[PDB]
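One chain comes next, on its own, written as structure tokens: the form solved without the DNA.
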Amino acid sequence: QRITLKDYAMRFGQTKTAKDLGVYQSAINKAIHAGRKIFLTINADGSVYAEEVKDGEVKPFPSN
């Protein structure tokens, strides 16, 4: 089951979220702020896969 970016940060903290995603903290807070539709999947090995829904499309997050 996917977890929203906002709910993941609330559960694990902004620091772990930024690290799992490989982005810096400030970017995470802004993304949430902007209400982007970002969903994370935690794998049993601990890695996290994030995807964003934008304009009808489904892409990886961060994009670049």
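Residue positions are given as counts along the sequence shown, with the first one as 1.
Keep in mind that the form solved in complex with the DNA is not shown, yet the notes after this line are about it.
The shortest heavy atom separation between residue 49 and the DNA in the deposited complex exceeds 4.5 Å.
For the chain shown alone, residue 64 is a contact residue for the DNA in the deposited complex, at least one non-hydrogen atom being within 4.5 angstroms. The DNA in the deposited complex comes within 4.5 Å of no heavy atom belonging to residue 42. Residue contact with the DNA in the deposited complex: residue 37 places no heavy atom within 4.5 Å of it. For the stretch 13 to 39, the set of residues having any non-hydrogen atom within 4.5 angstroms of the DNA in the deposited complex comprises 22, 23, 24, 27, 36, in sequence order.
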